[PDB]
Structure formats: structure tokens, C-alpha cells
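To keep things clear, I will list the structure first and then write my remarks on it.
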Ligand SMILES: [Ca+2]
Ligand SMILES: [Ca+2]
Ligand SMILES: [Ca+2]
Ligand SMILES: [Ca+2]
Ligand SMILES: [Ca+2]
């Protein structure tokens, strides 16, 4: 995630101008390889046309260039590109909106589950670590960065997310499907045992705890849904062929023809096709942001910091349910008292 | 469902290029028959024009070709195509979002419904199988793959979704409407009997169970709504006529005329209309993805794996409510304990 | 409602082609009268130009035709047409999504309200018929088909939706506003009396019943809102004038001029303006689907089957709350038992 | 609000044609003044060009007219107009969706709050009038029609919405912010007193009452948000300048030049610019509907009937909580009994 | 926030015309610096071309100007500009919709938490100030105006939002993440202590209080999400390069060439490029509103008045929970009594 919100707080003179001098998360970083390939191909074709070709073959190439430049507009690159990018951005913000945050649940665990002894501490930590374990189990499946941090469940044991007893229980409960749902059933059964044991005073608190847990379950299920059900491959293939064919055509039709021939539209012979390179910038950059936000759980600069979210959720939850349980600041009159 | 999310985790050099070499769920698989028909018709017309036609008829065909090529832009294929595809994609993701998952409900069943004896086991399995039976009853109606797996309710009896007593009860309760709603009333009555029998300790747990069941009912009702209320047939007919008329016009207007006549725009005579074939690719592929995602419960490569979802839901629910009821891993201090 | 979902389950060779041979809910049925009027006007103008007009008046008509054909693009028919149709489709699916279904409420009535005697039967049937009566009272106001089935509340008495006592009470409570909200207050008071009488064991069940009833109230209020607050008449007038002016211009500018005059763009003289008729097809069909989905509760082929929904809701609710109350299939071990 | 839903129930021959003969809520009523001003300016410029100008100044004006007509397409009126109108319509339906309806709350008040004596009557009427008073307090701030009906809170006292005791209490609680939130705190405290006094039997009913009241609070807060946070003035200025500059350019560039000069595109000299007037119709009407739906609480023909909503809510709520409390129709078997 | 809702209540003759004479929140205020820079560059280039350049260099500049003006349409400024502005506006209204309002929670605190003594007063004020402290802690992080008002937590102590005991507790609980979530855990623990101490009579009221608090937590988490996860920097860079390249091209291609050369399209030599300046107005103003609404928590004229919201929330909450607790107006019959 590249954050520049503080730099664009106010609309000032050239507020977006200072953002053009960035490299992390920039469009130049996503575009330089493709632009170098396109530049090399364009200038190789130019050197073939200007030097290698015989005059009749030069005339044939000029006719081909005019033919390709006159029909470049037949390719609806803007249409499919806009549809694809709109869908990608909608799915991207929906994928972020379904990232689970245990803050409501950890507040309810710190409040409802009573006991300042070691047993209540253990119970609260186990419940909120069940929540965090389910979250990290779904993030291990939907994110390549989290999977590279935790290649196996034993790495989750070494990271304090899973106890060896939980690892053995999860290996015992193995099925040919993903096992991210198991900590939710564990949470339900442990909360029922806590209520039956007197640690939870009323079943309405149990209902609130399980409602927050089920909201987290729905968010994790939506994450699994977005990881499994991708944008249809046909859309990706169509938009890729659109952009690639558009600029493969521009490799020939946007060549600067011989000004001695006095072709209409080719009177001035420049070396650098500034407008064609700007079109490459815009369209291929649109394609590259589609390629970057299609899976926002990878390891791109603008992809989500899911490892940081995992660590923050674990640390904050364990602080909230253990050190902050019935640990309140002294209740004193405020400044506006009477 | 064709999944390629892991292949596009990072925006790399030609990340979408490697996706062009796929066949399952590809646009070539959806386009090859139509493209072969279009190619055959185009080259038959070309061979008729170049060989069979008399010179005056060739002049008439050239005038007709210019007339058709000058007015190809009168057809708003992009407009109706974009509207139709946007509506199809919105409805497609809404249809996936309303696929029922019993995970919240099965967690509540494993927690609230008490009893490690055979009667509590039977009660929990019957409740969660009522949920799964309602889900499979609506998926039998909205999905052709599930209907091919279960042509009748007796096939659901052979698959363990329905007991013969439930089959007899459902045959007794027959009405001229769909009977997918019956297991929800069964769930409500059985949960009421469980609460009155002491298996459910508090009615707030009963309320939570029935709230999850009613959420599943709303999702299944939305599935039935999307199956019943299709996109209006007028839209499909209009977009089909748009694409078909566009490329039936291109069958004539995009023909390469005789370069000896020196027509404006037909100076260079190629054999393969690369731009016309690219337009066919893009537009007819847009139409084909509309045809593929219009009913995402069929048996296309990119259609939902509803049989897998049915099997996974049944297996996971029966594991969660029976083997995982009050079966917790040993509660031990974690790595960050004190 | 025209359903063709099963016919488009798989993307096959010409899947949308077989849908062009339909008549119910087709675009030809919505377009034939307007197309015949347009055809008659176009050919009357053609016969006036080719035969009735003097040569100088023919020259004036040719200049007028060129003037109208050169400025046909000044009319933004696609812009307003797309905005209007998108709004119509969004409102159409929102109107369907707010059609009340009493299934959750009838499950809660069959579960919570106890008593297998005649008094409990009467209570459950009265509650669920209050729900159905409110639904049919709002559908009588928002739908012309339901209003033609029930021109008065006495027709609702003859249809079993309302008892004569309820009809007298509703006549007594008459106000100059719509009285669809009355059965909700009746439901609340009757549920309170049921809870105070011991028929409902806990007030949490009362809360669940009234929550489902209030959800139905919100859906019916949204239906009343969509019936009352129409799309602003200015939008309809603007889009109608756009389409009508576009094709009134095409009545003159799309005429085939005399090829002897050798006008640019009018070299070939056909009889049938295929492209103009295709444009009429697409644009006027877009307008006609806007006209058909603007009020989806009428009696069009693609309009909702609201009478069927009313009958199904009444029948299913009365079956669920009366014959299915505490009437469960025998609870027996399933196939996967141990 | 102009309602024509019943007139467009069925898609008939010229269904939208009959809507062109309306005046209330019509586009002619919103467009006639601007169209008369544009017509007067256009014909004044025409009379200056044809009569007042010297021949050299006529040549200069012809060159200026060609220059303006060739660059009329540089103004993206359709782009900003579509964005602005889409945003306006979305905000308009969101503003209607957040209009508070007390029907759910009044049903809960008629049910939960017990007592057929004068004290229970007073309590129920006071609670539902607190709800209606909060609604009318926010509508007095967001609507100019409601503010013209009630210029002060004393007018609300004269209208029965506020008692003099409530007016004195609200004057005592005065702060430099809007005081529409006060009746919600009044409702909460009065409901707590009702529950503590035995009028509300269980606190779950208290929770339901306060949940409905808080939903009304959220709707009124959204109304206050839409009144306060307008569409940014920059958007309005940009779209207004776009339309005004487009048609100020059309005042010169769309003039009919002298046909004796034989200018290309100005061969035929008409008097009425039909296409320019149609463009004015469409674009300026789009602007006028943006001007009409930007604040849907004013006194336009298509603006909301907020005074009617206020009166209906007050009357219906006072009928529901007072005359309909425990006043049920006789519970008798229906037509389908056994 | 610039409010003009009352000025556009009715669609009158030139309703949007009076809004063009504004300066605060106007497009001229956002555009004058860029327009002056563009004007200076354009006229410097004009003076170089008309005076400094030799005749051959003037011919070269004329050819370059024609080349740039013929390919200005290759830049899709409207496409990326519309996508970016639509995304910005959607995110802007979503950011406003997640601004926390404690009105529902403060009503529940004033109702549920009993006690007119000093201890109940202290408890209610502490709970609602926990809510306001969490809100101001997230607004200090997402808003530069709130951060300039409160550069440190000691400034929050001086502003009455935080007691020194709370400041010490928050310093003790310091972690390398944002600490806005702490007052929610404080609220949960204090509400649990209030319920255990008898101040809250039933745990259902505790559930309602914590549900409102958790809704506020979700809103603040969404605010933190929008502050952290910005629009990807690639989009901003692409749209900025699009606008800047478009008008850097217009700096050369929109120059008025020598009319003596009689170039096609440059016959009339004006001094002021009115159409180019209008295009700058529209497109650069679209870019500037994107720059202004990208972070709506800064200090722009149209940015949110977050300091006012903070002050109003604090004042209104402290009035509602302290002075309005069990302080009701006298319950008397209204005007429509019997
Ligand atoms: Ca990525
Ligand atoms: Ca399919
Ligand atoms: Ca209709
Ligand atoms: Ca208005
Ligand atoms: Ca800002």
C-alpha cells in the first residue's frame, strides 16, 4: 500500500504534480519493461524500413502503414479497458472491505468473558486467538505474501497463532476442502462452554459474541469467494488481446513515413512518436493497473499489507482481551463537569 | 470455475500474456465455431465476387460493399453490448453472493444444541441436513448440473440428503409450486421442539439459529428470483441482432475490393481481414461471455462448481455438528503468554 | 415473466440465436406497430418525392434530405437512451427485490405460536393472513393486474384474504390515505395478545415475529414508494422526443435520392433502408423496453406475475402455519450416520 | 410529485406519446423561459447579420460563424452533463429512501406499550408524537415547503406537533446547532420510564422500540447530511458553464449564412434551426432536471410532497397508537378453513 | 463545506446562473493559478512564434502546430478523467457516510444508564466521552484540520476529550500501531462494570449500547481504511499526465497560425483561444475537483467541517447524557386528543 493521502489534503497549485516524482507504486515502475520492449520493436521496424528495405518494399510498407493507421480505430480498446478496470476496482475495494478486523469481537471478549484469574485470561486469549487463527488461515489461502510467511501450519505454530494441540486437532479433522472454517466452530463450542461454566453471565452476551464471530466468518467467506471466483478468464484474454493488438498495429501504422513521398498526414518526419508513446502510457498503464489490482493480496507496491494487518490484529487483540480486561482509567470529572 | 488468481498475484512483465495460452475457460473455446462459420461465409463471398460474378455484377457488388462499409457505424454494437454485459456481470456476482453457505448456522448448531448422546447427535444432524436439503432443493431448480446429478427427489434420498420419511412427507405436502421452502418450516418446528425439550437452553439461542436459517432462506429466495426473473428477452434479442447484423454487414462491406479499380480505402488488397477478425474477436467474444455468464449455474468452464459446493457444504456441516460438538483442543497458554 | 434461463444454461453454438424465434415477450411484439407506422410514413414520403414532386421541388427535397442526414448526429439519442434505460433497469430490479415473501415470517409463525387446538390454528392463520392481506393491499395499489383481479375490498373478502369483520374494521378506520399499513398494526396487536395469552412462550419470539413483519412492512413501503415516486416525467419526455425526433429526421434524411443526380453518398439506390430499419430496431426497441419495464406491475409479457405470487404466498403460508405446525417427518439416522 | 405510473403500466402503441401532452412537471414548463431567451438572442443576432452589418462585416461574421461551428464539439457537454445528472439522480433517490416513515415504530408502540386507560393513551401518543416531532424538525430544516408551513417552532405548537411544555424545554436546551435530535433523547427517556413503570412488560420490547427509533434517527441524520453536504459547487459551476458556453457558441455558429456565398454546409437557408433547437431542448432540459432534482425538497412540481407526508405520518401514527391499540377485528375462521 | 441547497430549492429561470458569482468553493479559486500559468506559457509561445522565429523556423513551427492539433484526440483525457472522478466522488460520499455520529449511542446512554446522583452522571459522561474520544482519535489521524487543532494527545487533554488518567493509561498501552481502538475496549469494560454494578438493569440494554458502540467502531475503521488505502498512485499519475500532456500539446497545436499562409482551419486569426480556454476550464477543473475531493478531510472550502462536527458531537452528547437524563417535558394531552 502506497499512502499519499496527507500530500493531497488540500487542492494546491500542482498538487498532483508532486506525485509524478515517485517510484514505489508508480506507473513507470509498472510500465518500463513493456515500454522498453515497445521502443525496441518500434525502432527495429523503423531501421528495417529506412535502411534494409528496397524501394518497392518501402512503397509496400508505406501502403501497409497507411492501411494500419487508417483502421486503428476499429479496435475498441477504451470500451473493454474501461469495463475491465471498473470491474477490477469494484472487486478490489470489495476485497478490502471484507478483510476481517477483530476489534468489535475483541471488545466483546474483553467485556463479556469475566475472570481476572489465569483461567479467564486463558479463555479470552483462546477465543480471540481462534478469531485471529481463522483470519490468518483464510489469508494464507488468499494471499501469496502470507503464504510465503507461513508455508505450512507448523509455521503458524511457530508464530504463536496455533498451539500444537490445535495443530493435531486440525490434522485429525482433515478433509479435501479448505479448513479455515474450523476455528469458528471452535469459537462457538468454547463460548458455549464458557457460558455453561459461568464465565459468561448471560446468553445475550453469548449471542453478541457469536454474532461478531459470524460477521468475521462472512467476511472471510467473501475473501475465499473472491480468491476462488476470479474475473472470468475470457475478459482478461479479450482485454489483453485488445491492448496487444492495438499496439502491435501501432508498431507499423504509427511509423514515420518518408516525407519525400509527401503522404497526407506524414509531412513532418519526427524521430520520437510522442503521441503514440503517450497512448502506450495511458492504455498500457490502464492494463497494468488492471494487472496489479486483479489480485490485491500479492506483493505489489500497491497491494495490501496483509502481513502487517495479521501482526497488528494479533497484537492488538491479545492486548485488548488480556491486559485491558477490567483495567480502566480512573473515572474522574472532565473539564466540562457542571 | 477457472481459477488463475495465483498467476496474477503480482503485476510482472506480461502477466496477462501467459493467460493467452489457456484452453479451458478461454475465449477461443467459446469463439472457434462462430469464427469458423464467419470465416467460411466471408471466403465463400470472396470467391463468388472474385470468380463467379460478371464484371457488371462485380461493379454492383463493389458499390454495395462501399455502401455497407460506409454505414457500418450506424449500428450501436458497443452501446447495447456494454449495457448488456454490465447487467450480466452485476447479476452474475449477485447470483454468486446469494449462494447459501451453512457455516454460521452449523457453528450455531454445534454450539447451542446440547447433548453428546445419540439423540442430540440425531437432532443436530437433522437440523443441519434440513439446511443442506433446502439448499440442494433450490440448487436442483436453479442449476442444470445439480439437476443432472439429481433428476428426482429419490436421487436425493440415495445421496443422503433426504430420508424416505422426509420424501414421503414432501410428497404428502405437494403443491403446484416449488417445494424448496419446506425444510425451513421443518427447521423452525424442529428447533422449537428442541428448545421445548431442553436441548436448547435459552430461547435467545433459538432466535440466533432461526436468524441464520432465515438468512439462508433469503439467499435461496434470491437464487430462485434470479432463476425465475431472467434478463428480459427483448434485451437478449436486441443485442444478438446488433452483433449478428454488424458482422453480417461486415461479411460484405469488409471484403477486399479489386485494387485495379483504385477505390479510395481499397488500394491494398490483403487476403486476411485482420482488423475485421479482431473486431469479430472482441465483439462476438463480448457476446459469448454474455451468453456464458447469463446463467452461471450451467456446465460451462467458467460456471460455478455447484456440485462441489453441495458436497462440501454437506460434508463440512456434518463434520461440524457431529464430530466437533464439544470436541475442543486442549486449552493451553500460547507463545505470547505473559 | 418470460423465462428462458434453462435455454441459456450453456454457451453453445448460437445460444442466443434460438431466442430470436420467440413471440411472447419478444421485441417484434413490442415493435411491430411502430415499425409499420414508420414504414408507411417512409414509403409515403418516398412516393411523394419520386412521383408527386416537380423537378425543382425534387431538388429542394434533395437539399433538405442532405441537410437532415448531415445533422442526424446532433441528436444524442444514445446518451439519454442509455441513462434512461440504466435507471429503468435499476429501478426494475429494485422493485422486484422489494416484493414481500412471507416465508421467514410463516416459518416463525409455525414455530413460535403454539397450540394444536382450534384456537392456535385460528391464531396462526389470522397472523399469516394479516401478512398476506397487507401484501395484497399494497399490490392492489401498485399493480394493475392485481387491481383488475380485486377491484374492491369486497373482492378481497370473496377471495378469502379479508373477513367481513376485517372489512368492517377497515371501513371504520378509513382515512384519505392508503390503508395498506393497517394489517401490520393488527399483526402487532394480535401477536401481543398471543404472547400475553401464553401462546407465545417468550417475548424474544415475539420480537422475531415483529422483526419479520417489519421487514415485510419496509418492502411494501418501498413498493408504495416506487409506485408513487415515478421517474421524473421530464426524463420520459426528453427521451421520447429524442427518439421521435431522431426517426422523424430519418423519415426525410434517410430517403434514397435519385442516382442520376450523382450525389455523394447516394450513388446506389436501394428500396429498403436496411441500416435505417436496423437503427429503428435498436433505438426504438430500447425505448420500448424502457416503456415496458417502467412499470413492471402491469400486464406485459415480461411484467411480474404478481397474481401468481399472491396466490402462491397465500397457499404456501396457509399450508405452512396450519398443516405443518409441529408436523415433522420421523427423525431417523441418515445415510452418513457413523 | 407527478405520478403517471398507471398510464405506463403496459407498453402500448405510443405509450410515451400521451405523456408529451402534459404541463405540470413537464420539460416545457422548465424550459420555456430559457428557450424564449435563446430564441430572442438568436433572432436578434440573425437580424443584425442580415440587415445591420456591412458586407465586409458580414464576411467577418461568416468566418466567425464557421470558426464557432467547426469547434462546437470541443465542449464536452455530454460528458459533464451525464456525470452530473447521474450523481443528481443517485442522490435524489437516496434522499427519498431516507425519508422517515414511523409505521414500524408505531406498530411497536401500539403493541408493546400496554394500558387502555388515559395514562397509556397519553404515553403512546407522546412517544409517537416524539417520533413525528423529530421527523418534522428535520424536514423543517431540509425542506423549504415545510419551513414555509412552519416558519417557527410556535407554528409547530399551533399544529399539534409540539406542546408548550416541549417548546419551553427545547428553548431551555438551546445550542448553536440544530435541535432535531432532542425528541430522540426524549423518546429514549420516556420509553425507559415506561418500562420502569410497568407499561412495557419486557426490556426486549424496549430494545425493539429504541431500535426502530434509532433507525428513524439514522434516516433523519442522512437527510440532514444531504441538506448540509451538497454536490460540490465546482461541479455545478462547471456544468452550467459547459451548457451556457455551448449554446452561446450556438448563438453564432448555428446561424444560417447567406446561400449566395455558397459556403459548404450552408447551401440551404432555413429560418428555424430545428436541430439547434432540439439540441437546446435535450441539453438544457438535462440541465434543468439537474436543477430540479438537486434539492428535491423545494416546491417544484416533481419535488416531494413533504407536507403531505408530514400530515399523513402524524394522522396515521395517532390513529395507530390510540384507536387501534388492542382493538382487533373478531378472529373468525377464513374461507380456506379446513 | 459550501452549502447552497436553499438557493437551488426550486428550478427557476437561471437557477444555476446565480451560483457562477461565488468565490468560496468556486472553480475559479481552484483554477486561477493554473490558468495564469497556461495563459503565460501560451502567450510566450505566441510571441516567440510571431516575432522571434525566422521564416523557415516559422514554417517548421506551423507544421509542428498542425501535427499537434491533428493528433490532440489521441489522448483519452475524457475516459480516464471520468473514471477517476467517478471513483473519487464515490469514495468521497462513502467517507462522509462513515463519519461517526454518537446520537443513537447517546440516546441509549441517556436512557439505559440509570442514576441521577453524581456517580451515574459520571458514568454516563465517561461512556459518551469514550465514544467521542475514539471519534476524535480517528479524526486526528484522518484529518489534517483536526490534527492541526490537536497536534498531540495533550491538546486533547486540554480540550476536555481526555483526562490525564486516560492519557497516562494510553501512554502505558502504547504499541507501534494507531491507538484509536482503545476507547472502544474502555467502553466495553466500563459498560460491563455498569451492568454488574446495577446501573444497567438488564443485559439487553448492555447489548444495545455495545451494538451502537460497535457500529461507531465500524465507521471509524472505515475512515481509517479510506485514509490508509488511498486511490492507487498509478491512477493519479496517469490522469495527471493525461491532462498535463493534453494541454502541453494545446500550448503548441492550438496556436493561431499566420492567416497569410492560408492554412486550412487557420483562416481567422483571433488573439484569445476561447475554445481552448474553455477546454482548459472544463478538463483542468475536473482534475482540480479530483484533487479537492481526493482527501475530503483537509482544509479546502468544500472539505468537511470536521472540527465543527467534533465540537457539535461533544457538546450535544454531553448535553444529552447529563442534563437530559430523566428530564422530560410534562406529558400532557396534545391538540388532537379525542
Ligand atoms: Ca497484485
Ligand atoms: Ca452458463
Ligand atoms: Ca409494464
Ligand atoms: Ca427542487
Ligand atoms: Ca481536500
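Residue numbers (UniProt numbering), protein chains in the order written: chain F, 2 to 339; chain A, 2 to 339; chain H, 2 to 339; chain W, 2 to 339; chain C, 2 to 339.
Beta carbons are placed, not taken as given, at the ideal position from N, Cα and C, and that holds for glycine.
For the C-beta of residue 3/W, the chain H residues within less than 8 Å are, from N- to C-terminus, 231, 233, 234. Using a CB distance cut-off of 8 Å, residue 155/F does not count as an interface residue toward chain A. Nearest to residue 31/A by C-alpha distance, out of 303/F, 273/F, 239/F, 187/F, is 239/F. The Cβ atoms of residue 271/A and residue 257/A lie closer than 8 Å to each other. Ranked by Cα distance from residue 284/W, the first of 274/H, 242/H, 262/H, 196/H is 242/H. Within 7 Å of the CB of residue 80/H, the CB atoms of chain W belong to 79, 83, in sequence order along the chain. For residue 265/W, there is no enclosing alpha helix (DSSP H), as DSSP marks it with neither H nor E. Contacts between residue 76/F and chain A, judged by CB atoms closer than 8 Å, involve 276, 279, 280, 283 in chain order. By the neighbour-count criterion, in which 16 or more other beta carbons inside 10 Å mark a residue as buried, residue 303/F falls on the buried side. Taking the C-beta atoms as reference points, residue 295/C is found nearer than 8 Å to residue 9/F. Not a single CB atom of chain H sits nearer than 8 Å to the CB of residue 111/A.
Going by DSSP, residue 223/C is part of the alpha helix (DSSP H) stretching over 204 to 229. Shown in chain order are the members of the region 6 to 25 of chain A whose Cβ falls below 9 Å from a Cβ of chain F: 6, 7, 8, 9, 10, 11, 12, 13, 14, 15, 16, 17, 18, 20, 21, 23, 25. Proximity of chain W to residue 241/H at the Cβ level (cut-off 8 Å) is accounted for by 17, 18, 20, 21, in chain order.
Not a single C-beta of chain A is nearer than 8 Å to the C-beta of residue 36/F.
The contact set of residue 317/F on chain C, defined by CB atoms closer than 8 Å, consists of 176, 178, 182 in chain order.
By the Cβ rule, the region 211 to 229 of chain H counts as touching the region 106 to 113 of chain W, because three or more pairs are nearer than 8 Å.
Rounded to the nearest angstrom, the gap between the Cα atoms of residue 275/W and residue 75/H is 11 Å. Between residue 268/W and residue 145/W, the gap from beta carbon to beta carbon reaches 8 Å or more. In this structure, residue 100/A keeps its C-beta atom at 8 Å or more from the C-beta atom of residue 191/A. Under the three-pair Cβ rule at 8 Å, the region 304 to 313 of chain A does not count as touching the region 130 to 144 of chain F. The nearest non-hydrogen atom of ligand 3 is less than 7 Å from the C-beta of residue 296/H. In this structure, the straight-line span from the alpha carbon of residue 206/C to that of residue 114/F is close to 17 Å.
Annotation: Cβ neighbours of residue 321/A in chain F (cutoff 7 Å, chain order): 186.
Proximity of the beta carbon of residue 8/A to ligand 1 is not indicated: no heavy atom of the ligand is located closer than 7 Å. One alpha carbon belongs to residue 173/F, the other to residue 327/A, and they sit about 15 Å apart.
Proximity of chain A to residue 286/H at the Cβ level (cut-off 7 Å) is accounted for by 235, 239, in chain order. One thing to note: residue 336/F has its Cβ no nearer than 8 Å to the Cβ of residue 135/C. In the three-state DSSP reduction, residue 290/F falls in the helix class (H, G or I).
Taking the Cα of residue 317/A as reference, the smallest distance to any Cα among 203/F, 175/F, 22/F is reached at 175/F. The C-beta of residue 16/W has 16 or more other C-beta atoms within 10 Å across all chains shown, which makes the residue buried. In the three-state reduction of the DSSP assignment, residue 184/W falls in the helix class.
Residue 35/C counts as buried, since no fewer than 16 other beta carbons sit within 10 angstroms of its beta carbon. Interface residue (Cβ-Cβ distance to chain W less than 8 Å): residue 300/H is classified as such.
Where residue 309/F is concerned, the enclosing alpha helix (DSSP H) starts and stops at 307 to 319.
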